[PDB]
Ligand SMILES: *[C@@H]1O[C@H](CO)[C@@H](O[C@@H]2O[C@H](CO)[C@@H](O)[C@H](O)[C@H]2NC(C)=O)[C@H](O)[C@H]1NC(C)=O
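Chains as they are written, first to last, in the numbering used here: chain A, 1 to 105; chain L, 106 to 210; chain C, 211 to 315; chain R, 316 to 763; chain P, 764 to 1211; chain G, 1212 to 1659; chain B, 1660 to 1776; chain Y, 1777 to 1893; chain V, 1894 to 2010.
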């Protein structure tokens, strides 16, 4: 299978600050990477797909980029509602896999 | 048909300043968006096509980006010659349509 | 054949500074442009291909962009090891060609 | 006109009656087919491929232009007069086609005024307006392939890979083109070339070609399968690599006094074996004449037989007498195969060889039996309203012929063998018997 | 049963013996073939193309649905009873197929409960679960083309160019579809339609269709080439543009008492010229009966002949006597071609016409000669262990027939001409000789 | 050699004279065709597709390798000696091909030294240099498809969609591959397999295959349409899924004393109806012998007839006498069709049945009439310099035969029926007349 | 070089038709499409309709019942027609060339012809 | 609108099987695939397996010997099954829809069902 | 791993030919192309010519009349030849591998061989 490493494990940032999450793949997954925002008690929300495109309904403060093995998610103005566990997923080969996730306070 | 909203209706900026124009589509038009610079008494000039590529002969101070429903045009150093009415056009489905336009002084 | 112009001929920059090299094609070569770092006594190293993608093993301080006729290479934090002659190559039509090169001290 | 009652008794059950129709009086339209793709927007990724293509293609088209020039150079306005001496040798079809070719040139000369628009065409299909009243369409080979798979792939695949894909697309095109426009096309003059063959010049996409030309819809699909819609090559341009084709759209007309009757073969009993009568399955009747037809070259539908020419052929007097009731002259072949039709349904009447197929009556619970003096049994309303053959239960109607059909009987003709080898063998063995008879009579004449 | 020794003497060398096998007792599965692609994710770049497509396609499918309705509307539960009066005219094949069609409807009605899943299908191949126990597959025409060449090309090519490519893909599809599901399909009821033809509805990709259905592998490939695997159109949906096809998978069974013997034709000497015997190359023997076969419609492999029906045909008494040793009745054609088989190998024994082919013995250095009283020479262990014909050196075994094979000789039959024109000529010239004999005997009868 | 003047009088107008040419003395080149695509750069998006493909393909190629092994394992250096006992049964064609196969192995063994380069090939066409002097080409199935439609679509379509497209491309490939390399290929040894069939292994792209091999251009296109260019499968690799094919490139040579004469059939008047003579349209003359030919298997061009073997066949004595002037023995069929050639042009001379086709003279304004004692009218310089048939005006030359052509007349032969059913009927009815004559003479012999 | 030049009437009455001819050079009409756009006195640019490289046409919804486009491939001309004019049809009418295979981006425009109603 | 709703057992013993049914609406199972993902108490999201639009399936390596997925195209349901449970299989199990033609990005998720072992 | 190693003559007289052999390993010549580039004493990098994966070749215009490239797929070698040398042909000659299906980016280079004229 294809493993993924996501870091930092935990983040602390204030409202209005720029927040970034880094994720790297053990293999080449081209542009096949998705980002999710997961709050406890709720199902995960899709934020970004194909390493850059926002899911419909996702605020434009979210953006991202990446290719092959190095990818990132950025928030250009952190909101109180952005607290939660962020997940990095590749959807290139099979199986699809998720990283450990980043907990943002 | 597919409608487009372009804003602000009117802009005021000094020479050398960064100027941006925002345009959104009522539907998903992928990368199919063009920008024009139109002076009165003259035919419109093409600046940008497919939401990012400059037309041959267009100064590199012009650039742009966008996807699906949210697009923008940017001037990285406004010149005296950049006065005029700017237009946002989609060329995805049929008919092709233009927005109201932005008047930049 | 297709000619290429690369400039400045020679650069001087300190460690940690941002360094850029500009290259333009006499014709439209789409995204078909590669950048190399060449030290004397050694074979050239590939840095960037298709005007933006890093070669495997190349440090992420390197990046680039461009299209058609206007392209550039950027170093976001110059290192002592980045001294050398940089080359711009197009690989669109045939023959493939290189520019004169930039000597970075 | 056919004695259907005596025929059904020998395994030839009256089947479907169909109208006889033949293509005539066509309308014409000219279409331009360009065999060379427009690669202007990938001109850096063609290498020498287009140069090799043009040379190879010229070697295919030149012999066609030459064949057409023989007629064109020798045909003049009088009212069209042909130099029979210069043509030297020709068939009637070529001669009349030679005139059609000449007359067609007069419009080809108008089409050629758009030569630069034809060359410039970069879409698979372009409608060109000559004078508004006059419209000509241009179809371009592989243009769609290039516009979707090579041009938009400029930074998807390498330039050399793009070149290789172009070369292969062109080579595959020629590989198929050669089956129609190659050496086999010894005669591009005769207007008998089916449109499905011409369309190979456009990838075999004849549906696009025909829709492009509009056509008439009265019976369009029948015209195509019967090969009634054909074209003629009018002009070949060896510098631009395109041809002008005249497409003929005939109207199928009904022959007021002609129809084709299908008979349905049914194995029947004779002596202690199964036999099948060898009589034409499709019989053509015109006025009062019973004749044959090469229906194998025609389209058969529920209501009519559609032919792209008249395929009527002669019938012998012995077969004609067979068909009109002299069944002692109807030839029969032995059935040895386990798979033969053993029954048929006609107008609600069931005819079956109840010796070889198990027949039972659904309404009485009794079996249906056949004697050795009977060929087929006719089963209807009067004997068994619902009859069973094998595992099929059939509700029947009434027979409108003799009520004594199953009692009267029928004369049976001589045995035959239809196999090609058997035909040669039978002719030879008859010659041995014939020579013996010849010697016997010659001896008698010498003695007397 | 065949007199192989006398036959080899006249150019008919015993060849390979093969088993006779025929398809029977098929298993059935239903598959759904949707002829209209799903363009939901390029809906802005279709224009009026899909509207024109639906209309054109309806004009192809409607006549099929109608033909099926004739049987469906007239077939009821009794145990299946057909309204023979309403059907009016039918062949045995249609009648039994009409029942199969009716029975098949009962499952088509289950498949149709997934009509919305069939319409929603956007993959070329979808496995739909009806009840877990019941599974039906849906195949969609051009879906792979669209998913790879039009949908992902949204910002690669223009929207209008995408529309044009869709229109051409659809038109090309119909151009090929029409050769199978067009006017030529006068009978969609009979279950005799080969699966390679049905598959044209899915681009001609019959390998995908068959793998999708699983099938049995005992002799799958032989079943396909022999056209034993066929389908029947059970249901046509003219609103959704899909059909339900029942695919039949028969098992080839061996006939315990039947085999086909191949003979190998060899030119032989007679008088001062080459001759070739005209005897069936493939002879069918069943129990004690020697008969013919239309093997041209069967698959020939190393061990067996695979037929999709029984193709056995009658043989004349003169040919049967030829085959059992009466070689004076075996017909022969003159060989004038420079390219004829002049030798054959059978069980290590070499038979050659050493007058027309140069024969030399490898082990002795001497030439192998043939007299004018001999047809072919039999060369084996006893005369020349290793013989040379032309440039080929063959190590031989032993002949198990008469040791005097080359000394005893054989009777030779009459000359024949097999050419179609020659057949008509020979019949006619014999009639002139026959009429002369008739007149001569009639004169003798009047005199006496 | 043919009596053209008497023949034209009975509807057989001298047509085009062509040279007789046959393929001989071929040059050979070996090419490698890999049936399995290289998917190394999409290895994460193949699933189990390649595993299923390899298994299915092995089931196609294994029977070919086996058939070749039978000859290879039994052929040794002496000068090539074959184990006739081990082969057991073979035809002459197989035997000589078995040697060609064996000799070819010696180069296949050199090609196989590049096995790793063959496996590594990722382009549709690769030129491999063995020793500079020796070059072998490798063609790879579906490689162009993959390089342009799957590899560059990695972030255009999903990975699973890419897998599905690969599976379908492979399945479609096999669907077509099976028509050539499937169960129908009972004999992969004989070197008679046309190159257009072999090329199916490379998508049917025979034009690429042939250009790749260079070939000779003297008459390349005629060689292809006549099926003179063929190949032989020399080696099958079931681990790498490629085959080595030897492609034969023969030279067409002219036969110094042989030509084929085409006659042009023209309907002619007799009694009160139209008749057409049934005489071979293409007559082969070699030295002083008039014979037939199965020209239906040859390519016909303006100057020559190109055959891939000798197709000459026997002619009867009655037909030969017909052709040399004994027209009382030339058979004729009744014309009942409304569409028959009613005229022909030969060397500027017009021959027409002016009873069935309206004939008028352009230079005099008078009609051209024909009596009931005449068959066709010969129209030339002396009677009407420019004649009109229907709507075609033809300028004529002069007839170089008898000036009394239209006055002398001709003998007319017996009626025939060429229909297959009519042939069986005619043979049978003649046997009834023959048996009556036999009984009549036997009675006379008993009385005397 | 590439040029497009519009020529037509100035003042046209209401309920009369409008016919504007675009004469072109530097390119073939068999290679490129031609689009019509207008500029009303106080409005933005309005796309009216297109005649594609293939000779087929499309129109916006507002003018679909009044607007027609045609071509002449012998004289290198494109024709814009309105069957019945309103006073709000006063505008400058422009002829523009599209980009290659039906791509947008009107790199080339004509001069513009003013129609008064 | 689009919905996915998981329903299944709560407490299931070790060595017993698990069967969770996902009922869906707003879309066809012949158009979209369905993926199963779980969230263990102190772990990240784990992709378990998929049933594709085409009805075929794939699984990760860890559960390949225990995990099976099936479908019902008449009742609009997708079935997740584990043949034998361990105590570390305690997790919230989710049903998610993929994007069009097998693309990633789980825009639509169900509610999640908690399984205790 | 991947390697390319050039071997050839040092000092070659004017009007003599040059023959440099590139021995390669780690990849097949049936999968990748090989390009030749040189570095003259005071000039930039000059692309000379290529032998493609397919075995076909291309050359720049300046050396098209003098430069030839060949291959050996048995010994894993690529051959660079110049029919007649000039003193300005003094340069370090390099053998480089291209990227997959004819894409640019010389990720892999040999060592370079210095030719003096
Ligand atoms: C008789 O027929 C011959 C042709 O067979 C005619 O002769 C030709 O006349 C043309 C006149 O333009 C010359 O160019 C040809 O060279 C002539 N050919 C030959 C073989 O001589 C002749 O003119 C005809 N005569 C009449 C009275 O019609």
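Even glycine gets a Cβ: it sits at the ideal position worked out from N, Cα and C.
Set against 8 Å, the gap from the CB of residue 389 (chain R) to the closest heavy atom of ligand 1 is not smaller. Membership of residue 965 (chain P) in any beta strand (DSSP E) is not indicated, and neither H nor E is assigned to it by DSSP. At a cut-off of 9 Å between beta-carbon atoms, residue 1806 (chain Y) makes contact with chain P. Residue 617 (chain R) has its alpha-carbon roughly 36 Å from the corresponding atom of residue 928 (chain P). Beta-bridge partners of residue 271 (chain C) (DSSP): none assigned.
By alpha-carbon distance to residue 606 (chain R), the top candidate from G:1630, G:1287, G:1648 and G:1246 is G:1630. Near chain L, meaning a CB-to-CB distance below 7 Å, the residues of the segment 896–925 of chain P are 917, 918 and 922. Neighbours of residue 1967 (chain V) in chain G, taken as residues whose beta carbon is under 7 Å from its own, are 1324, 1325, 1341 and 1342 in chain order. Annotation: the continuous beta strand (DSSP E) that includes residue 1447 (chain G) extends over 1441–1448. Residue 1996 (chain V) belongs to the set of residues whose beta carbon lies under 9 Å from a beta carbon in chain R.
Residue burial is scored here from C-beta neighbours: residue 25 (chain A) has at least 16 other C-beta atoms within 10 angstroms and is therefore classed as buried.
Between ligand 1 and the CB of residue 1592 (chain G), the shortest heavy atom gap is smaller than 8 Å. The beta carbon of residue 159 (chain L) sits closer than 8 Å to the beta carbons of 152, 153, 165, 167 and 168 from its chain, once the five residues preceding and following it are set aside; these are given in chain order. The alpha carbon of residue 1927 (chain V) has as its nearest neighbour, out of V:1953, V:1999 and V:2009, the alpha carbon of V:1999. Contact annotation: residue 141 (chain L) and residue 192 (chain L) have beta-carbon atoms nearer than 9 Å.
Sequence-distant partners of residue 1217 (chain G) (beyond 5 residues in either direction) whose C-beta falls short of 7 Å from its own C-beta, in its chain, are 1536, 1538 and 1621. The beta carbons of residue 1292 (chain G) and residue 773 (chain P) sit no closer together than 9 Å.
When CB distances to chain P are screened at a threshold of 7 Å, the residues of the segment 705–726 of chain R falling below it are 707, 708, 709, 710, 711 and 712, in chain order. No heavy atom of ligand 1 is found nearer than 8 Å to the CB of residue 1614 (chain G). Comparing alpha-carbon positions, the option among B:1738, B:1685 and B:1757 lying closest to residue 1667 (chain B) turns out to be B:1738. Taking the CA atoms as reference points, residue 541 (chain R) sits about 8 Å from residue 612 (chain R).
Residue 1691 (chain B) has its alpha-carbon roughly 16 Å from the corresponding atom of residue 1664 (chain B).
Contact between the segment 1352–1365 of chain G and the segment 1944–1954 of chain V is absent: fewer than 3 CB-CB pairs across the two stretches fall below 8 Å.
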